[PDB]
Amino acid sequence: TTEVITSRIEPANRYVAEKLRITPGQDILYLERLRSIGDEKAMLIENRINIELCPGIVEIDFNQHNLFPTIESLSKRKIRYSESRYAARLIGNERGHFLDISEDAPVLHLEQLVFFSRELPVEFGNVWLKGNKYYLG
């Protein structure tokens, strides 16, 4: 199970804009999603999506649709590449609350950049994994 906690259209900050190769300040879609595995909360996902590439994405209910299939349909583009970077973090109070983790608990943090083509990023995700690596394999 993945449930949408919140969404928002927000201006891309400089870091996010650099990752997505867009102009700082350009509106992007922010999605926060809580993924649970067997009715235990696995991970907290914060997706930031370049909406210029997928006309209509802001109107989707992602409690009812899957994110990446929807990106692909609306763009009529295939996802061809991914990069991830893995780091230790100490979750935080608010994120903590979503995952139960004790605030200040250490979690695996992943940043992932998702591309249609080598030169066209579409989505930049931050993942808070309270368990153990598994984007590998």
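Each residue number is its position in the shown sequence, starting from 1.
> Per the entry, where is the mean C-alpha temperature factor higher: 124 to 132 or 10 to 18?
Replying inline: For C-alpha atoms only, the mean B-factor is higher in 124 to 132.
> Of the two stretches 92 to 100 and 74 to 82, which shows the higher Cα B-factor on average in the entry?
Replying inline: 92 to 100 has the higher mean C-alpha B-factor.
>> Maximum C-alpha temperature factor per the entry, among 40, 52, 111, 59, belongs to which one?
In response: Of 40, 52, 111, 59, 40 has the highest C-alpha B-factor.
> Where does residue 33 sit by CA temperature factor within its chain: lowest, middle or highest third?
Replying inline: Its C-alpha B-factor, which the entry lists for residue 33, ranks in the middle third among residues of this chain.
>> Using the temperature factors of the C-alpha atoms in this entry, rank residue 44 within its chain: lowest, middle or highest third.
In response: Within its chain, residue 44 is a middle-third residue by C-alpha B-factor, going by the deposited values.
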